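Participant: Below is the sequence, then the experimental coordinates.
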Amino acid sequence: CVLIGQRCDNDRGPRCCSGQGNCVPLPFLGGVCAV
């Protein structure tokens, strides 16, 4: 799992650590873990 400010992707991975943040999807960066 990845941490806040690190990029993630909800479907493909990676995904945020359960106590980190929600993986908010981003246009081209896939997503990012944010609170």
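Facilitator: It's in. Residues are numbered from 1 along each chain as shown.

Participant: now the end-to-end length of stretch 10-19.
Facilitator: With C-alpha to C-alpha, to the nearest Å applied, stretch 10-19 spans 15 Å between its terminal residues.

Participant: List the contacts of residue 5.
Facilitator: 32, 33, 34 (C-beta atoms under 8 Å, 6 or more residues apart in numbering). All C-beta atoms are positioned from the backbone trio N, CA, C, and that covers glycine.

Participant: can you list the residues you listed in CSV and add distance to residue 1, secondary structure and neighbour count?
Facilitator: Formatted as CSV, the contacts of residue 5 follow (distance: C-beta to C-beta, whole Å; DSSP: H, G, I helix; E, B strand; the rest coil; neighbours: other C-beta atoms under 10 Å):
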residue, distance to residue 1, secondary structure, neighbour count
32, 13, strand, 19
33, 9, strand, 21
34, 14, strand, 14
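
Participant: okay if I get the residues you listed as TSV plus distance to residue 25?
Facilitator: Formatted as TSV, the contacts of residue 5 follow (distance: C-beta to C-beta, whole Å):
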residue	distance to residue 25
32	8
33	11
34	11
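
Participant: ok, the residues you listed vs residue 14, which is closest?
Facilitator: Proximity of the contacts of residue 5 to residue 14 was ranked by C-beta to C-beta; the top entry is residue 33 with 9.0 Å.
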